[PDB]
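Only one chain is given next, in structure tokens, and it is the form deposited in one PDB entry.
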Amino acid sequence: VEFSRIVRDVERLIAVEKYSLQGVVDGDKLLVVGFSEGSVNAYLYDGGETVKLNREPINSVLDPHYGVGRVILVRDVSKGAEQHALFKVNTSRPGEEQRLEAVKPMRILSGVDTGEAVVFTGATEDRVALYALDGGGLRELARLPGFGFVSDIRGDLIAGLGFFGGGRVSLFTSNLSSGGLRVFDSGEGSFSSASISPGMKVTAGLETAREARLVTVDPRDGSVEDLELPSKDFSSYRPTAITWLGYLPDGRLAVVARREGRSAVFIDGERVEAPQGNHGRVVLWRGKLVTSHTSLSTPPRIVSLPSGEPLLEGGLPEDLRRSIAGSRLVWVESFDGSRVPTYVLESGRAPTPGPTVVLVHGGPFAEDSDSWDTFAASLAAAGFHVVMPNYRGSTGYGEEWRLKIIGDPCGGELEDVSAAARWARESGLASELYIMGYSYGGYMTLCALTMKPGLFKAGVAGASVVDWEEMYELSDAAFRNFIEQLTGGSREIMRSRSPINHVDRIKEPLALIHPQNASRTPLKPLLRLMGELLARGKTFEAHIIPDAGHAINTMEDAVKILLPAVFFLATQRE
């Protein structure tokens, strides 16, 4: 088909600037970070115009207290390095950077700038520690028992989140003046967000096996109670996650919470009209609410609420814009009676019924939400509708649903994926069906083509697992433990659920995209698969790529990993 058009469109989708809202600084300017093709810059936004604060690209910026007249840039000390330096920029003098020399190179994990002290967590060779940098120099407030993140500061009280053991995220506090550490264990749940009330309590999002709650943790005694808000929109929403929360300067509590792959914005419990998708932090700016917004049809952008009008968004050309046309959540009926929550991104370049890709997510412990995805957008741009099923094993729909995969790889979850394909069929969406996925999704491609021949017209398997038994034996102890958990410790399940053992059954074209030198997705087992495919007469395409990396950031990453899947599907279509 139209190869150069697909490439031009992929270039634009890769290059589109994506924005996140960091806070309000200086006198009522938005601090926003923009990401374009693996390059991060920080900006002041003030009504139409953006002004870049940093010189060379950065990693991130620390969280500013409302109105502070400076920004703290976090920047990799080397190309790719996992160690950082801190640089201050005065908001009145953008582009002029002052290296914070008192802070040696370390892995900067998080931070908040009070305007009087930069309070941050960092990992060195020796430790993870909470630090404060002020006029007198650098102080270590506390050593932390593992990775921790500062969430908020009000006066001398510091609140944060810690991966301090037990499998879940604890809350912690420290004191700006005297340091120390107080940890508040999350019990059956896991803390997701925290902000300090004007009354010096820690409001926190506490995610659980089912619904998330908003709790008040008293830092004087560790008492935890459900926090009741003046408006009951938030509690009647029944969130499963709490993304972020924060007190606004007027003392009202802003909460962003999620359920079923989309978020909602609340101010003192009252829900605010917001564009469908997912949202980030909320600020009050010139007396109006502002957030970031993303969806399957919309790259991360800054919007005004309640209108949803974009204040800052990357440009896509009209033609590409119209190709990526609208997302929706459908509950697909599987075999169990179970209902598989499935996102659908419609293509403006495909008729209905049209060519449809079931794009299976990796993990498996991950979620397909209504959030911008370069892969789904590229497929839509190339004239495919995209179906993204949260097969059992997925996160975002409670622990019971995630746990269903355990013991049963290439079982119920493959039935869920197949259920989503039949639904695409059964609803009038799909004229023809393809499967594509990476990581566990690549494994699902192979499982589909082996266990459900005739379901899909062709399949793309990226960074797939081909044989659990071999993998278990090749692997490091972390990955070995996962394989042991997934398979229920049965060598018999390792074998029967391994697609290399069922190559005879494949009847459809298969494209393999695979890293040449990735430690946890090794090439040898894939060479075996290809040998098995060739021996048994099967149509296959293969692309073996050195240094594939682990995110599609640049056009080069896309050309290596995404383009071959798209060109392969486009040629299989016609």
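Heads up: residue numbers just count along the shown sequence, starting at 1.
- Just going by the entry, 153-161 versus 454-462 on mean CA temperature factor gives the higher value to 454-462.
- Stretches 270-278 and 392-400 differ in mean C-alpha B factor, with the higher average recorded for 392-400.
- Ranking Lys52, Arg536, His514, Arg70 by the C-alpha B-factor listed in the PDB entry places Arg536 at the top.
- Taking the deposited Cα B-factors for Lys507, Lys29, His543, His65, the highest one is held by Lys507.
- For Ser519, the recorded CA temperature factor ranks within the highest third of the chain's modelled residues.
- Ranked by C-alpha B-factor against the other modelled residues of its chain, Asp233 falls in the middle third.
- Among the modelled residues of its chain, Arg262 has a C-alpha B-factor that falls in the lowest third, as given in the PDB entry.
- Among the modelled residues of the chain, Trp331 sits in the highest third by CA temperature factor in this PDB entry.
- Sort the modelled residues of the chain by CA B factor and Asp368 lands in the middle third.
The same protein has a further form, the form deposited in another entry, not shown here; the description that follows concerns it.
- Relative to the displayed conformation, the Cα-Cα distance from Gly428 to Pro275 grows by 3 Å or more in the other form.
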